[PDB]
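Data file: work_14.tsv. Format and content: TSV, C-alpha atoms.
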```
chain	number	residue	atom	x	y	z
A	10	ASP	CA	96.64	7.95	150.42
A	11	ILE	CA	99.91	6.27	149.39
A	12	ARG	CA	101.48	9.66	150.19
A	13	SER	CA	100.27	8.99	153.74
A	14	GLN	CA	102.07	5.64	153.78
A	15	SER	CA	105.38	7.17	152.74
A	16	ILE	CA	105.31	9.97	155.30
A	17	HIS	CA	104.67	7.45	158.09
A	18	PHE	CA	107.55	5.31	156.84
A	19	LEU	CA	110.01	8.21	156.96
A	20	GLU	CA	108.77	9.14	160.48
A	21	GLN	CA	110.20	5.90	161.87
A	22	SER	CA	113.70	5.17	163.08
A	23	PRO	CA	116.11	3.24	160.83
A	24	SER	CA	115.29	-0.16	162.30
A	25	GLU	CA	111.50	0.30	162.24
A	26	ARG	CA	111.98	1.32	158.61
A	27	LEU	CA	114.06	-1.81	158.04
A	28	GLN	CA	111.15	-3.87	159.39
A	29	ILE	CA	108.59	-2.22	157.13
A	30	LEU	CA	111.02	-2.92	154.30
A	31	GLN	CA	111.08	-6.63	155.13
A	32	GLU	CA	107.29	-6.81	155.30
A	33	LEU	CA	107.14	-5.24	151.82
A	34	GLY	CA	109.91	-7.22	150.10
A	35	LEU	CA	111.72	-3.90	149.59
A	36	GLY	CA	114.52	-5.32	151.79
A	37	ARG	CA	117.10	-5.19	149.00
A	38	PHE	CA	116.95	-1.39	149.40
A	39	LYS	CA	118.34	-1.08	152.91
A	40	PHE	CA	119.40	2.52	152.13
A	41	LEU	CA	115.74	3.60	152.29
A	42	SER	CA	116.04	3.22	156.05
A	43	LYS	CA	118.48	6.17	156.14
A	44	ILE	CA	117.08	8.98	154.01
A	45	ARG	CA	115.75	12.02	155.84
A	46	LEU	CA	112.13	13.15	155.96
A	47	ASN	CA	111.72	16.08	153.55
A	48	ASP	CA	109.59	16.78	150.46
A	49	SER	CA	112.13	15.35	147.99
A	50	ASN	CA	112.20	12.02	149.79
A	51	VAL	CA	108.49	11.67	150.44
A	52	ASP	CA	108.17	11.69	146.64
A	53	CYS	CA	111.03	9.25	146.11
A	54	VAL	CA	109.57	6.75	148.60
A	55	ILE	CA	106.15	7.05	146.94
A	56	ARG	CA	107.59	5.52	143.75
A	57	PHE	CA	108.90	2.59	145.77
A	58	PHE	CA	105.59	2.22	147.61
A	59	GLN	CA	103.26	2.54	144.60
A	60	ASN	CA	103.70	-0.93	143.19
A	61	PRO	CA	106.71	-2.24	145.12
A	62	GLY	CA	108.77	-4.97	143.51
A	63	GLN	CA	107.62	-3.58	140.15
A	64	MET	CA	110.65	-1.30	140.17
A	65	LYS	CA	113.94	-3.17	140.53
A	66	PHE	CA	116.31	-0.61	139.08
A	67	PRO	CA	116.53	1.76	142.09
A	68	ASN	CA	114.99	5.05	140.88
A	69	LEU	CA	116.29	7.74	143.21
A	70	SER	CA	115.79	10.62	140.81
A	71	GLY	CA	115.54	13.87	142.74
A	72	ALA	CA	116.19	12.31	146.14
A	73	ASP	CA	118.00	14.17	148.92
A	74	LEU	CA	120.80	11.77	149.83
A	75	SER	CA	123.12	14.44	151.23
A	76	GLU	CA	125.53	13.75	154.11
A	77	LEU	CA	124.61	10.08	154.33
A	78	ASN	CA	126.82	7.13	155.02
A	79	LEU	CA	126.11	4.91	152.02
A	80	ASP	CA	129.39	2.99	152.19
A	81	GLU	CA	129.22	-0.19	150.04
A	82	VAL	CA	125.70	0.55	148.74
A	83	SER	CA	124.77	-1.35	145.55
A	84	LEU	CA	122.83	0.83	143.06
A	85	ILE	CA	123.49	-0.94	139.76
A	86	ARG	CA	121.47	0.52	136.89
A	87	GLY	CA	120.03	3.06	139.31
A	88	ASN	CA	118.62	6.40	138.30
A	89	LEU	CA	120.12	9.20	140.40
A	90	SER	CA	119.12	11.99	138.00
A	91	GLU	CA	118.96	15.34	139.80
A	92	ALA	CA	119.64	13.69	143.17
A	93	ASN	CA	121.50	15.48	146.01
A	94	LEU	CA	124.54	13.54	147.30
A	95	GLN	CA	126.53	16.46	148.79
A	96	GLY	CA	129.05	15.26	151.34
A	97	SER	CA	127.80	11.70	151.35
A	98	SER	CA	130.07	8.69	151.80
A	99	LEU	CA	129.83	6.07	149.01
A	100	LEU	CA	133.02	4.11	149.63
A	101	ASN	CA	133.34	0.89	147.57
A	102	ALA	CA	129.83	1.40	146.19
A	103	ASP	CA	128.48	-0.41	143.15
A	104	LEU	CA	127.43	2.40	140.79
A	105	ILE	CA	127.60	0.58	137.44
A	106	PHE	CA	125.32	2.29	134.94
A	107	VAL	CA	124.26	4.86	137.53
A	108	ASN	CA	122.79	7.91	135.90
A	109	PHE	CA	124.16	10.97	137.73
A	110	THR	CA	122.57	13.45	135.33
A	111	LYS	CA	122.22	16.90	136.92
A	112	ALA	CA	122.93	15.43	140.33
A	113	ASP	CA	124.87	17.21	143.02
A	114	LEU	CA	127.97	15.26	144.11
A	115	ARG	CA	129.94	18.17	145.61
A	116	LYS	CA	132.16	16.87	148.44
A	117	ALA	CA	130.83	13.29	148.24
A	118	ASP	CA	133.35	10.47	148.77
A	119	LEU	CA	133.19	7.80	146.02
A	120	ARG	CA	136.66	6.37	146.59
A	121	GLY	CA	136.70	2.74	145.45
A	122	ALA	CA	133.27	2.90	143.86
A	123	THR	CA	132.72	1.03	140.61
A	124	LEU	CA	131.72	3.46	137.87
A	125	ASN	CA	131.34	1.49	134.64
A	126	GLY	CA	128.70	2.96	132.37
A	127	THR	CA	128.01	5.94	134.60
A	128	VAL	CA	126.56	9.10	133.11
A	129	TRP	CA	127.79	12.48	134.40
A	130	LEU	CA	125.86	14.99	132.30
A	131	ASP	CA	125.72	18.42	134.00
A	132	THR	CA	126.77	16.70	137.23
A	133	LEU	CA	128.24	18.81	140.04
A	134	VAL	CA	131.47	17.16	141.12
A	135	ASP	CA	133.59	19.96	142.60
A	136	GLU	CA	135.60	18.22	145.35
A	137	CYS	CA	133.93	14.87	144.70
A	138	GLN	CA	136.53	12.24	145.61
A	139	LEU	CA	136.65	9.58	142.85
A	140	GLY	CA	139.73	7.60	143.97
A	141	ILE	CA	141.06	5.98	140.77
A	142	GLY	CA	137.94	6.42	138.65
A	143	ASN	CA	137.30	2.66	138.82
A	144	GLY	CA	135.59	1.85	135.53
A	145	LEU	CA	135.91	5.28	133.96
A	146	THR	CA	137.26	5.87	130.46
A	147	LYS	CA	139.94	8.45	129.90
A	148	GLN	CA	137.73	11.10	128.28
A	149	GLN	CA	135.77	10.71	131.54
A	150	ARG	CA	138.68	10.95	133.98
A	151	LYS	CA	139.50	13.99	131.80
A	152	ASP	CA	136.13	15.74	131.81
A	153	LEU	CA	135.48	15.17	135.50
A	154	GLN	CA	138.87	16.25	136.84
A	155	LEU	CA	138.47	19.48	134.86
A	156	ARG	CA	135.09	20.03	136.54
A	157	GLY	CA	136.59	19.74	140.07
A	158	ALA	CA	136.71	15.99	140.77
A	159	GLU	CA	139.74	14.71	142.72
A	160	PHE	CA	141.67	11.52	141.85
A	161	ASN	CA	143.73	9.92	144.63
```
Give the structure from this file in structure tokens form.
Amino acid sequence: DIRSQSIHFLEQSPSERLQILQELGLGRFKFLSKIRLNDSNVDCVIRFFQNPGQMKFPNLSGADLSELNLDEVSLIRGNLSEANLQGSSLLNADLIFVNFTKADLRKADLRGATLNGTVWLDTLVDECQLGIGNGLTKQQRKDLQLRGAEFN
């Protein structure tokens, strides 16, 4: 039945979603109001809706976040394992400790995003814009640039 709740949520416009989010105390996650209705995201929103407030590291594993404006989103300690971020805008985003394992970041724009503690295992970054690699090592600015990332 909780699957039913999540479908209905994603069927609403961004501001009706933002209201549901207030009613549920999930208002810190304003980005939920933007993700598209598809199978990947029904699942993602189920995790938020089964026991809300019991997850407070944003777990977006496997979500389809492609071609979204997520400028200045805060996702500290978030799990973006296997997520799809192709062509999305994440300008000045807080991504500290974000797990990008096996995620797709082709053509995303992460200029100015804070990257301390990020994990990039098997991550697709061809043409991902990283700006200055804010918070990245050197062995990281190395590895990623080799794999297609672009640095300002």
Counting all atoms listed in the file, which residues of stretch 58-117 of chain A sit at most 8 Å from some atom of stretch 41-45 of chain A, and what is each one's closest atom pair with its distance in Å to one decimal, listed by chain and rising residue number, as JSON lines?
```
{"residue": "A:73", "atom": "CA", "partner": "A:44", "partner_atom": "CA", "distance": 7.3}
{"residue": "A:74", "atom": "CA", "partner": "A:44", "partner_atom": "CA", "distance": 6.3}
{"residue": "A:77", "atom": "CA", "partner": "A:43", "partner_atom": "CA", "distance": 7.5}
```
Include C-alpha atoms and write out the residues we just selected as a short mmCIF file (atom, residue, chain, number, x, y, z; two decimals), keeping the file's coordinate frame.
```cif
data_model
loop_
_atom_site.label_atom_id
_atom_site.label_comp_id
_atom_site.auth_asym_id
_atom_site.auth_seq_id
_atom_site.Cartn_x
_atom_site.Cartn_y
_atom_site.Cartn_z
CA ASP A 73 118.00 14.17 148.92
CA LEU A 74 120.80 11.77 149.83
CA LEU A 77 124.61 10.08 154.33
#
```
Problem set entry | d(atom CA of residue A:85, atom CA of residue A:16) in Å |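 Taking atom CA of residue A:85 and atom CA of residue A:16, their separation equals 26.3 Å.
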Problem set entry | Long-range neighbours of residue A:112 as a PyMOL selection string, 6 Å cut-off, only C-alpha atoms, 5 positions minimum in chain | chain A and resi 90-93+132
Counting all atoms listed in the file, what is within 6 Å of stretch 118-123 of chain A, bar same-chain residues fewer than 2 positions away, as a short mmCIF file (atom, residue, chain, number, x, y, z; two decimals) with C-alpha atoms, keeping the file's coordinate frame?
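Written file, out_15.cif:
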```cif
data_model
loop_
_atom_site.label_atom_id
_atom_site.label_comp_id
_atom_site.auth_asym_id
_atom_site.auth_seq_id
_atom_site.Cartn_x
_atom_site.Cartn_y
_atom_site.Cartn_z
CA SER A 98 130.07 8.69 151.80
CA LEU A 99 129.83 6.07 149.01
CA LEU A 100 133.02 4.11 149.63
CA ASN A 101 133.34 0.89 147.57
CA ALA A 102 129.83 1.40 146.19
CA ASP A 103 128.48 -0.41 143.15
CA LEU A 104 127.43 2.40 140.79
CA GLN A 138 136.53 12.24 145.61
CA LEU A 139 136.65 9.58 142.85
CA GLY A 140 139.73 7.60 143.97
CA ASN A 143 137.30 2.66 138.82
CA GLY A 144 135.59 1.85 135.53
#
```
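Take the candidates A:107, A:153, A:46, A:130 and check each one against residue A:21 using only C-alpha atoms; the shortest distance goes to A:46.
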For this session: Check the smallest atom-to-atom distance from each of A:88, A:127, A:47, A:154 to residue A:106 using only C-alpha atoms, then report the winner.
Result: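 Among the listed residues, A:127 lies closest to residue A:106.
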For this session: Quick one: pull the distance between atom CA of residue A:110 and atom CA of residue A:71, Å, one decimal.
Result: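 Between atom CA of residue A:110 and atom CA of residue A:71 the gap works out to 10.2 Å.
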For this session: For each of A:128, A:19, A:29, A:137, take the minimum atom-to-atom distance to residue A:51, counting only C-alpha atoms, then give the residue where this is smallest.
Result: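 Closest residue, counting only C-alpha atoms: A:19.
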Exercise. What separation in Å, quoted to one decimal, exists between atom CA of residue A:10 and atom CA of residue A:31?
Worked result: 21.1 Å
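Nearest to residue A:105 of all the residues A:82, A:48, A:38, A:12 is A:82, based on only C-alpha atoms.
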Complete the atom set of stretch 56-91 of chain A to N, CA and C atoms and return it as a PDB file, in the coordinates of the input.
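The file below, result14.pdb, is the result:
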```
ATOM      1  N   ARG A  56     107.301   6.397 144.884  1.00  0.00           N
ATOM      2  CA  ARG A  56     107.590   5.520 143.750  1.00  0.00           C
ATOM      3  C   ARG A  56     107.894   4.097 144.195  1.00  0.00           C
ATOM      4  N   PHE A  57     108.666   3.932 145.266  1.00  0.00           N
ATOM      5  CA  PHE A  57     108.900   2.590 145.770  1.00  0.00           C
ATOM      6  C   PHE A  57     107.611   1.961 146.293  1.00  0.00           C
ATOM      7  N   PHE A  58     106.747   2.763 146.911  1.00  0.00           N
ATOM      8  CA  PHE A  58     105.590   2.220 147.610  1.00  0.00           C
ATOM      9  C   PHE A  58     104.381   2.027 146.702  1.00  0.00           C
ATOM     10  N   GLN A  59     104.247   2.822 145.642  1.00  0.00           N
ATOM     11  CA  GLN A  59     103.260   2.540 144.600  1.00  0.00           C
ATOM     12  C   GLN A  59     103.809   1.401 143.751  1.00  0.00           C
ATOM     13  N   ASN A  60     103.148   0.279 143.789  1.00  0.00           N
ATOM     14  CA  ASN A  60     103.700  -0.930 143.190  1.00  0.00           C
ATOM     15  C   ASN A  60     105.145  -1.160 143.625  1.00  0.00           C
ATOM     16  N   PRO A  61     105.362  -1.795 144.770  1.00  0.00           N
ATOM     17  CA  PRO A  61     106.710  -2.240 145.120  1.00  0.00           C
ATOM     18  C   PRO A  61     107.053  -3.493 144.322  1.00  0.00           C
ATOM     19  N   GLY A  62     108.347  -3.787 144.248  1.00  0.00           N
ATOM     20  CA  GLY A  62     108.770  -4.970 143.510  1.00  0.00           C
ATOM     21  C   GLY A  62     108.580  -4.860 142.004  1.00  0.00           C
ATOM     22  N   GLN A  63     107.769  -3.888 141.571  1.00  0.00           N
ATOM     23  CA  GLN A  63     107.620  -3.580 140.150  1.00  0.00           C
ATOM     24  C   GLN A  63     108.700  -2.633 139.646  1.00  0.00           C
ATOM     25  N   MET A  64     109.406  -1.959 140.535  1.00  0.00           N
ATOM     26  CA  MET A  64     110.650  -1.300 140.170  1.00  0.00           C
ATOM     27  C   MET A  64     111.788  -2.053 140.832  1.00  0.00           C
ATOM     28  N   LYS A  65     112.777  -2.447 140.027  1.00  0.00           N
ATOM     29  CA  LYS A  65     113.940  -3.170 140.530  1.00  0.00           C
ATOM     30  C   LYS A  65     115.256  -2.605 140.009  1.00  0.00           C
ATOM     31  N   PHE A  66     115.218  -1.580 139.147  1.00  0.00           N
ATOM     32  CA  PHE A  66     116.310  -0.610 139.080  1.00  0.00           C
ATOM     33  C   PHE A  66     116.000   0.476 140.100  1.00  0.00           C
ATOM     34  N   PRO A  67     116.829   0.692 141.122  1.00  0.00           N
ATOM     35  CA  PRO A  67     116.530   1.760 142.090  1.00  0.00           C
ATOM     36  C   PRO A  67     116.422   3.143 141.461  1.00  0.00           C
ATOM     37  N   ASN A  68     115.220   3.726 141.462  1.00  0.00           N
ATOM     38  CA  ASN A  68     114.990   5.050 140.880  1.00  0.00           C
ATOM     39  C   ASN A  68     115.010   6.075 142.004  1.00  0.00           C
ATOM     40  N   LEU A  69     116.139   6.738 142.158  1.00  0.00           N
ATOM     41  CA  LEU A  69     116.290   7.740 143.210  1.00  0.00           C
ATOM     42  C   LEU A  69     116.340   9.137 142.615  1.00  0.00           C
ATOM     43  N   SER A  70     115.738   9.307 141.437  1.00  0.00           N
ATOM     44  CA  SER A  70     115.790  10.620 140.810  1.00  0.00           C
ATOM     45  C   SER A  70     115.238  11.656 141.788  1.00  0.00           C
ATOM     46  N   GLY A  71     115.970  12.751 141.930  1.00  0.00           N
ATOM     47  CA  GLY A  71     115.540  13.870 142.740  1.00  0.00           C
ATOM     48  C   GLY A  71     115.626  13.693 144.232  1.00  0.00           C
ATOM     49  N   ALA A  72     116.163  12.578 144.721  1.00  0.00           N
ATOM     50  CA  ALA A  72     116.190  12.310 146.140  1.00  0.00           C
ATOM     51  C   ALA A  72     117.251  13.175 146.839  1.00  0.00           C
ATOM     52  N   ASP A  73     117.010  13.470 148.095  1.00  0.00           N
ATOM     53  CA  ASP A  73     118.000  14.170 148.920  1.00  0.00           C
ATOM     54  C   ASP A  73     118.745  13.088 149.686  1.00  0.00           C
ATOM     55  N   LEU A  74     119.959  12.800 149.251  1.00  0.00           N
ATOM     56  CA  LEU A  74     120.800  11.770 149.830  1.00  0.00           C
ATOM     57  C   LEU A  74     122.048  12.413 150.430  1.00  0.00           C
ATOM     58  N   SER A  75     121.945  13.685 150.812  1.00  0.00           N
ATOM     59  CA  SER A  75     123.120  14.440 151.230  1.00  0.00           C
ATOM     60  C   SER A  75     123.575  14.008 152.623  1.00  0.00           C
ATOM     61  N   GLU A  76     124.883  13.989 152.803  1.00  0.00           N
ATOM     62  CA  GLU A  76     125.530  13.750 154.110  1.00  0.00           C
ATOM     63  C   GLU A  76     125.113  12.400 154.710  1.00  0.00           C
ATOM     64  N   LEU A  77     124.947  11.415 153.854  1.00  0.00           N
ATOM     65  CA  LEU A  77     124.610  10.080 154.330  1.00  0.00           C
ATOM     66  C   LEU A  77     125.846   9.194 154.286  1.00  0.00           C
ATOM     67  N   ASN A  78     125.897   8.229 155.184  1.00  0.00           N
ATOM     68  CA  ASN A  78     126.820   7.130 155.020  1.00  0.00           C
ATOM     69  C   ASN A  78     126.119   6.078 154.163  1.00  0.00           C
ATOM     70  N   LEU A  79     126.579   5.941 152.928  1.00  0.00           N
ATOM     71  CA  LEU A  79     126.110   4.910 152.020  1.00  0.00           C
ATOM     72  C   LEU A  79     127.259   3.997 151.623  1.00  0.00           C
ATOM     73  N   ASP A  80     128.246   3.843 152.500  1.00  0.00           N
ATOM     74  CA  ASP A  80     129.390   2.990 152.190  1.00  0.00           C
ATOM     75  C   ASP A  80     128.902   1.629 151.718  1.00  0.00           C
ATOM     76  N   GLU A  81     129.454   1.157 150.591  1.00  0.00           N
ATOM     77  CA  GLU A  81     129.220  -0.190 150.040  1.00  0.00           C
ATOM     78  C   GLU A  81     127.785  -0.420 149.585  1.00  0.00           C
ATOM     79  N   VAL A  82     127.035   0.658 149.316  1.00  0.00           N
ATOM     80  CA  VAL A  82     125.700   0.550 148.740  1.00  0.00           C
ATOM     81  C   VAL A  82     125.797   0.014 147.308  1.00  0.00           C
ATOM     82  N   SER A  83     124.850  -0.846 146.919  1.00  0.00           N
ATOM     83  CA  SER A  83     124.770  -1.350 145.550  1.00  0.00           C
ATOM     84  C   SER A  83     123.581  -0.692 144.858  1.00  0.00           C
ATOM     85  N   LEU A  84     123.851   0.077 143.785  1.00  0.00           N
ATOM     86  CA  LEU A  84     122.830   0.830 143.060  1.00  0.00           C
ATOM     87  C   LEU A  84     122.910   0.601 141.555  1.00  0.00           C
ATOM     88  N   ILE A  85     123.307  -0.616 141.162  1.00  0.00           N
ATOM     89  CA  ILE A  85     123.490  -0.940 139.760  1.00  0.00           C
ATOM     90  C   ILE A  85     122.266  -0.541 138.970  1.00  0.00           C
ATOM     91  N   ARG A  86     122.512   0.067 137.817  1.00  0.00           N
ATOM     92  CA  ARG A  86     121.470   0.520 136.890  1.00  0.00           C
ATOM     93  C   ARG A  86     120.522   1.526 137.522  1.00  0.00           C
ATOM     94  N   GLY A  87     120.924   2.153 138.615  1.00  0.00           N
ATOM     95  CA  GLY A  87     120.030   3.060 139.310  1.00  0.00           C
ATOM     96  C   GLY A  87     119.951   4.405 138.626  1.00  0.00           C
ATOM     97  N   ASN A  88     118.820   5.062 138.820  1.00  0.00           N
ATOM     98  CA  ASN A  88     118.620   6.400 138.300  1.00  0.00           C
ATOM     99  C   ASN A  88     118.779   7.394 139.457  1.00  0.00           C
ATOM    100  N   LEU A  89     119.880   8.150 139.431  1.00  0.00           N
ATOM    101  CA  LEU A  89     120.120   9.200 140.400  1.00  0.00           C
ATOM    102  C   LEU A  89     120.053  10.580 139.761  1.00  0.00           C
ATOM    103  N   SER A  90     119.388  10.693 138.608  1.00  0.00           N
ATOM    104  CA  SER A  90     119.120  11.990 138.000  1.00  0.00           C
ATOM    105  C   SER A  90     118.697  12.997 139.045  1.00  0.00           C
ATOM    106  N   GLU A  91     119.322  14.166 139.009  1.00  0.00           N
ATOM    107  CA  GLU A  91     118.960  15.340 139.800  1.00  0.00           C
ATOM    108  C   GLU A  91     118.966  15.087 141.307  1.00  0.00           C
TER     109      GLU A  91
END
```
